[PDB]
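**Student:**
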Ligand SMILES: CC(=O)N[C@@H]1[C@@H](O)[C@H](O[C@@H]2O[C@H](CO)[C@@H](O[C@@H]3O[C@H](CO)[C@@H](O[C@@H]4O[C@H](CO)[C@@H](O[C@@H]5O[C@H](CO)[C@@H](O[C@@H]6O[C@H](CO)[C@@H](O[C@@H]7O[C@H](CO)[C@@H](O[C@@H]8O[C@H](CO)[C@@H](O)[C@H](O)[C@H]8NC(C)=O)[C@H](O)[C@H]7NC(C)=O)[C@H](O)[C@H]6NC(C)=O)[C@H](O)[C@H]5NC(C)=O)[C@H](O)[C@H]4NC(C)=O)[C@H](O)[C@H]3NC(C)=O)[C@H](O)[C@H]2NC(C)=O)[C@@H](CO)O[C@H]1O
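Numbering (the working numbering), first residue to last: 6 to 545.
#1: Assuming contact is defined by CB atoms lying nearer than 7 Å, are residue 276 and residue 292 in contact in what I supplied?
#2: Quick one: what does DSSP say residue 530 is sitting in, helix, strand or coil?
#3: Output the residue ranges of the beta strand (DSSP E) runs that lie fully inside the segment 442 to 482 and measure 3 residues or longer, sorted by chain position.
#4: CB-CB under 7 Å to residue 8, same chain, minus the five flanking residues each way: which ones, in chain order?
#5: How big is the Cα-Cα spacing for residue 326 and residue 170?
#6: Return yes when the C-beta of residue 346 is under 6 Å from any heavy atom of ligand 3, and no when it is not.
#7: Anyone know if the C-beta pair for residue 151 and residue 195 falls short of 7 Å?
#8: With DSSP collapsed to three states, give me the class of residue 52.
#9: Cβ atoms of residue 111 and residue 19: under 7 Å apart, would you say?
#10: Count the other CB atoms, across all protein chains shown, that sit within 10 Å of the CB of residue 361; report buried if there are 16 or more and exposed otherwise.
#11: Of all the alpha helix (DSSP H) runs that stay within the bounds of the segment 496 to 524, which reach a length of 4 or more residues?
#12: Which residues bound the alpha helix (DSSP H) around residue 315?
#13: Are residue 483 and residue 385 closer than 7 Å when you measure CB to CB?
#14: Runs of 3 residues minimum, wholly inside the segment 399 to 437: which ones carry the beta strand (DSSP E) assignment?
#15: Using 6 Å as the cut-off, classify the Cβ of residue 411 as near or not near the heavy atoms of ligand 1, replying yes or no.
#16: Which residues mark the beginning and the end of the beta strand (DSSP E) in which residue 255 is found?
#17: Buried or exposed: which applies to residue 306, given that a residue is buried once 16 or more other Cβ atoms fall within 10 Å of its Cβ?
#18: Comparing the CB of residue 32 with every heavy atom of ligand 1, is any distance shorter than 6 Å?
#19: Is the separation between the beta-carbon of residue 505 and that of residue 389 shorter than 7 Å?
#20: Taking buried to mean at least 16 other C-beta atoms within 10 Å of its own C-beta, is residue 286 buried or exposed?
#21: Is it right to say residue 46 is buried, meaning 16 or more other beta carbons lie within 10 angstroms of its own, or is it exposed?
#22: With DSSP as the reference, identify every bridge partner of residue 81, one or two as the case may be.
#23: What's the call for residue 153, buried or exposed, on a 16-neighbour Cβ count within 10 Å?
#24: Hey, is the segment 193 to 213 in contact with the segment 160 to 170, meaning 3+ C-beta pairs nearer than 8 Å?
#25: From the DSSP secondary-structure annotation, give me the bridge partner or partners of residue 484.
#26: Just to confirm, are residue 432 and residue 444 a CB contact at a threshold of 7 Å?
#27: Just reading off the beta strand (DSSP E) that residue 60 is part of, what are its end residues?
#28: Give the range of the beta strand (DSSP E) segment to which residue 277 is assigned.
#29: What's the gap between the Cα of residue 428 and the Cα of residue 440?
#30: From the DSSP output, in three-state form, read off residue 265 for me.
#31: Just reading off the beta strand (DSSP E) that residue 291 is part of, what are its end residues?
#32: My output table needs one value for residue 544: the three-state DSSP class, helix, strand or coil.
#33: Count the other CB atoms within 10 Å of the CB of residue 297; is the residue buried (16 or more) or exposed (fewer)?
#34: With a cut-off of 8 Å, do at least 3 Cβ pairs link the segment 463 to 482 to the segment 495 to 511?
#35: Ignore the nearest five residues each way along the sequence and tell me which others in residue 24's own chain have a CB closer than 6 Å to its CB.
#36: Within a Cβ cutoff of 8 Å, which residues of the same chain sit near residue 70, ignoring the five residues on either side of it in sequence?
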């Protein structure tokens, strides 16, 4: 007679291809990429002949087999593809095979193949759009936004984007390499702990707790291997297979290492570490380089060189070559992007007409034109055009596009920036003809999180009532609110100025729109980005 029917032993059923060490703070120790997950199953036979061969099946297919030598057994074997499997133990002899009931086992991998799709409802004022214009609609999500700002990946309005960028992935290095981080309390020290035992100029994760271990919706169980932002982004990729999720390296405080990459020893180590990072974290679809800025004038006053332009072009070419090789290894398309200054003084330190051949998209940071960093020379921080009172204004969106076009950059590469925050001043005074921007200020406006900066959500919620004046400058294409009694002045984007940027993109055949930063919108800005580029209301 055939063997008795085995009972699968109670035991762990959750396994991982990329293992996470739950008591490690250094990135070298935190993650271990294997070629396959080690899986184990045990069984008991409560009734009958134990058979002569025992097998473990996954969806009917043998993953292990061995002699059946008593009433209990254990099998250890490797599984090299992520997902959920129906696992059975079968005992066989010459008269037949008798299979257990199925038990599901979960084999985790960093493409999110083990996770349910994170498909959450739109919140606040977000309305559903189809991505059918063919234009970029992008936004940055910040790693540290999950604490005070309480803005997690399940709150992103992800159906209304083509591109979701993750700010920011740091480059390892201590004194003289990341000195700009020492302005943020505990930040420099945090990176040195993550990078312990790791070479400088390799990428790492700045806050491993936020990125991988904080409990979040959909990834709360203790033995879910990937939690935090990266676990939720994997499940978001399962819900939105065509969303491009790009890691962004750099930003204001993590850009110092790029200024050493004229040494090709360092540049090659960096590029190899990006390759390894994308092999490790398979939910990401390329890399965004946010080097602020070639030539200097970023956070560190002691960096910047005439060599930086050449280094930027080399870096992009070598990044592209690495991503092209990864792309043919995997069958996937990988993207290379960069966030760049929109000021013409910074643009013309780089030959973007050459670098564009390596790049899918240029994110033109057409914002921060003005703000509480200068208390004397006030203006619209993100306007399309100059205002009527100063038609020679240098920093406008159109001037940054035109600088790129004059180099020979193709228009379709250029993605225009929108701000989901305002900048502003207090104590504005000495202005003519009721235009507050012709005066000077005494300090920054009171910000939501930091001095001088206000989330758009708070502008709309608090500063469009009471004593606040609202004006839409139709020459500049820019809104501003002004409180005359204290001289508080805030310059920002709204649905109408975004609509003007979107029409301008369509008119000039540019590549689309992107925004900083997704947590600060209430929905009005991203709704207008989508509508103004011609995306149809609704869902697919
Ligand atoms: C055109 C022209 O030429 N004009 C010129 C201008 O361009 C130029 O100005 C520059 O212009 C650039 C563009 O051209 C622009 O850059 C780009 O644009 C973006 C916007 O401008 C810019 O944005 C910057 O980005 C920087 C980073 O690079 C941001 O910096 C961040 O700031 C945050 C403060 O708000 C920091 O935060 C803190 O983060 C720490 C983490 O490290 C966090 O700590 C956690 O705290 C919690 C406590 O609550 C702890 O949690 C507790 O504990 C448990 C767990 O332990 C928790 O689970 C629990 O919940 C919690 N409970 C409690 C109660 O206890 C947790 O443990 C803590 N810490 C850890 C990790 O251990 C703090 O909470 C955070 N605080 C807050 C308030 O959030 C953050 O760290 C910091 N990030 C980094 C990486 O540094 C800026 O905010 C941001 N600004 C804006 C406007 O948003 C981008 O960088 C650029 N983008 C791209 C795409 O490239 C330049 O920024 C701009 N610079 C200037 C000066 O403006 C000017 C000037 O030269 O010149 C003109 O000419």
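Every residue gets a Cβ at the ideal spot worked out from N, C-alpha and C, and that includes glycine.
**Tutor:** By the coordinates alone:
#1: The residue you call residue 276 lines up with position 271 of the chain shown. The residue you call residue 292 lines up with position 287 of the chain shown. It is not a contact, given that the beta carbons lie outside the stated cut-off.
#2: Numbered from its first residue, the chain shown carries residue 530 at position 525. It is helical.
#3: Fully enclosed beta strand (DSSP E) runs of 3 or longer: 458 to 460 and 474 to 478.
#4: For this step, residue 8 is matched to residue 3 along the chain shown. Closer than 7 Å at the Cβ level, and outside the excluded window around residue 8, lie 53, 54, 55, 56, 96, 97, 98 and 103.
#5: As a first step, residue 326 is located in the chain shown; it is residue number 321 there, counting from the start. As a first step, residue 170 is located in the chain shown; it is residue number 165 there, counting from the start. Distance between the alpha carbons of residue 326 and residue 170: 21 Å.
#6: No copy of ligand 3 appears in this structure; the ligands present are ligand 1.
#7: As a first step, residue 151 must be located in the chain shown, where it is residue number 146. As a first step, residue 195 must be located in the chain shown, where it is residue number 190. For residue 151 and residue 195, no; Cβs fall outside 7 Å.
#8: If you number the chain shown from 1, residue 52 lands on position 47. Here DSSP, grouped into helix, strand and coil, assigns residue 52 to coil.
#9: Translated into positions along the chain shown, residue 19 becomes position 14. Translated into positions along the chain shown, residue 111 becomes position 106. Closer than 7 Å, so yes.
#10: Here residue 361 corresponds to residue number 356 of the chain shown, with the count starting at 1. Buried.
#11: Correct list: 500 to 513.
#12: Translated into the one-based positions of the chain shown, residue 315 becomes position 310. That run of the alpha helix (DSSP H) goes 313 to 335.
#13: As a first step, residue 483 must be located in the chain shown, where it is residue number 478. As a first step, residue 385 must be located in the chain shown, where it is residue number 380. The Cβ atoms of residue 483 and residue 385 sit closer than 7 Å to each other.
#14: Segments of the beta strand (DSSP E) lying fully in the segment 399 to 437: 419 to 424 and 426 to 431.
#15: Start at 1 with the first residue of the chain shown, and residue 411 comes out as number 406. Checking the Cβ of residue 411 against ligand 1 gives no.
#16: Translated into positions along the chain shown, residue 255 becomes position 250. In this chain, the beta strand (DSSP E) harbouring residue 255 covers 249 to 255.
#17: Mapped onto the chain shown, residue 306 falls at position 301. Exposed: under 16 other Cβ atoms inside 10 Å.
#18: Position 27 of the chain shown, counted from the start, is the residue given in the question as residue 32. Residue 32 Cβ: outside cutoff for every heavy atom of ligand 1.
#19: Walking along the chain shown from the start, residue 505 turns up at place 500. Walking along the chain shown from the start, residue 389 turns up at place 384. Less than 7 Å separates the beta-carbon of residue 505 from that of residue 389.
#20: Here residue 286 is taken as the residue at index 281 of the chain shown, counted from 1. Flag for residue 286 reads buried.
#21: For the purposes of this step, residue 46 is taken as the residue at position 41 of the chain shown. Burial call: buried.
#22: For the purposes of this step, residue 81 is taken as the residue at position 76 of the chain shown. The partner list for residue 81 (beta bridge, DSSP) reads 45.
#23: Counting from 1 along the chain shown, the entry for residue 153 is found at position 148. Residue 153 is exposed by the Cβ-count criterion.
#24: No: the two stretches stay apart, fewer than three of their Cβ pairs being nearer than 8 Å.
#25: Taking the chain shown and counting its residues from 1, one reaches residue 484 at position 479. Beta-bridge partners assigned by DSSP to residue 484: 477.
#26: Along the chain shown, read from residue 1 onward, the residue named residue 432 stands at position 427. Along the chain shown, read from residue 1 onward, the residue named residue 444 stands at position 439. It is not a contact, given that the beta carbons lie outside the stated cut-off.
#27: The sequence position of residue 60 within the chain shown is 55, counting from 1. If you look at residue 60, you'll find it in the beta strand (DSSP E) that goes 58 to 63.
#28: Indexing the chain shown from 1 puts residue 277 at position 272. First-last for residue 277: 269 to 285, but that is the alpha helix (DSSP H), not the beta strand (DSSP E).
#29: In the chain shown, counting from the first residue as 1, residue 428 sits at position 423. In the chain shown, counting from the first residue as 1, residue 440 sits at position 435. One Cα belongs to residue 428, the other to residue 440, and the distance between them is close to 17 Å.
#30: Taking the chain shown and counting its residues from 1, the one referred to as residue 265 is at position 260. Helix.
#31: Position 286 of the chain shown, counted from the first residue, corresponds to residue 291. In the DSSP assignment, residue 291 falls within the beta strand (DSSP E) that extends over 291 to 295.
#32: One-based indexing of the chain shown puts residue 544 at position 539. If DSSP states are grouped into helix, strand and coil, residue 544 belongs with coil.
#33: For the purposes of this step, residue 297 is taken as residue 292 along the chain shown, with counting starting at 1. The Cβ neighbour count for residue 297, taken over all protein chains shown within 10 Å, is at least 16; the residue is labelled buried.
#34: Segments in contact, yes.
#35: Within the chain shown, residue 24 is the residue found at index 19, counting from 1. Cβ within range, chain order: 37.
#36: On the chain shown, position 65 is the one that residue 70 refers to. Cβ neighbours of residue 70 beyond the five flanking positions: 58, 59, 60 and 61.
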